[PDB]
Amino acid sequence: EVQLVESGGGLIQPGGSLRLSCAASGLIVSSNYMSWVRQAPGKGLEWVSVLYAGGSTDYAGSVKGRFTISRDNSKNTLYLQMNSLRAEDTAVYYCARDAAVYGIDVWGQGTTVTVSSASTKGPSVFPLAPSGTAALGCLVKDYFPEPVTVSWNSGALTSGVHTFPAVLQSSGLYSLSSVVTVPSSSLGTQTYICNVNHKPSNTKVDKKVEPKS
């Protein structure tokens, strides 16, 4: 059963702590170099800290002093204690066994770690009204945390629909917009309503989109 099953990541504010857990099977963490790798959104792979078979550990300057790699040989689990978190630590964390010259062949499924001092608020759904073809959509603005689902006419509109990935704003709140391209000869007849659903804040929002004058 060659697999690395991690868990323990979630949402925490700064100066906060968390313990990530890489349960192993198919190998023995105790006789293997086991690294922690993180990948910040659209950023790439960066090494975090390792732990040899002799119990020697090693970390990167950014976490040296705040993180702590360990393991419980009996349970064959590897752990990462993240204390005094910062907002530069928000990334997906991966536990891997490094086979040195043989490569990092066994990777974990990944656990996300969001570190933000932000009160989870529901998003605002402002409308984007149309001006041979017309476009339109919704501005799902200022929500936290990820994610938010969008549909149109409750699922009767899926062609020409574009729901962009979210940005992270200066306030630490997310804001994504959804657009749809429909025939401009439908503006005075077809009803276009966008369905925004933020589970974390238990918010379901519908918003008719239509022109102005």
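One rule holds for the numbers: they count along the sequence shown, beginning at 1.
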- Note on the structure: Missing residues of the deposited chain between residue 131 and residue 132 number 4 to 9
- Query: Which has higher Cα B-factors on average according to the PDB entry: 168-176 or 36-44?
  - Reply: 36-44
- Query: Looking at 31, 56, 186, 163, which has the highest CA B-factor as recorded?
  - Reply: 186
- Note on the structure: Among the modelled residues of its chain, the C-alpha B-factor of residue 155 falls in the third labelled highest
- In terms of its chain's C-alpha B-factors, the third that includes residue 125 is the lowest
- Query: Mind checking which third residue 112 falls in for C-alpha B-factor across the chain?
  - Reply: middle
- Chain-wide C-alpha B factor ranking for residue 75, given as lowest, middle or highest third: highest
- Ranked by Cα temperature factor within the chain, is residue 9 in the lowest third, the middle third or the highest third? highest
